[PDB]
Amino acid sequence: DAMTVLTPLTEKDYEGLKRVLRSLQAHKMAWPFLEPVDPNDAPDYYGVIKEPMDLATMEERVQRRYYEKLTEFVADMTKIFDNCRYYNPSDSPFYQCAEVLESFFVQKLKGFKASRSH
């Protein structure tokens, strides 16, 4: 959609973005991504992952109106899942959570884009 690329985010749009974010935070499989990765759970994580991201950081940026275009919001969300699949092996519970939660996000994102005009 060109509106995703070109149209600045409005206060109305941010009500939808908060709804998408809350739906992910409530998802059963979102537990590994609610808060930043604890370095004591993964000692070399922050030397390996250049741009870490988590849902609590995105909650702060949504509240602060940090995002100006929908592309930037999708980019932050995608970092969460791409970081996880790059650091972890395919049989990790974190990796499997990233697979289900990203599919859930795409569903919710399609819903946000569809209703963005009404």
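For every residue, the number given is its place in the sequence shown, counted from 1. Whichever C-alpha set is largest while still superposing within 1.5 Å between the two forms counts as the rigid core.
Once the rigid core is used to overlay the structures in 6 other deposited structures of this protein, the stretch among 42 to 50 and 76 to 84 whose CA atoms lie farther from this form is 42 to 50. Farther from the shown form on average, by C-alpha root mean square after a core fit in 6 other deposited structures of this protein, is 33 to 41, of the stretches 33 to 41 and 53 to 61. Remark: stretch with higher mean C-alpha B factor among 35 to 43 and 79 to 87 is 35 to 43. Stretches 96 to 104 and 5 to 13 differ in mean CA B factor, with 5 to 13 having the higher one. The PDB entry gives the largest Cα B-factor of the residues 62, 48, 74, 30 to 48.
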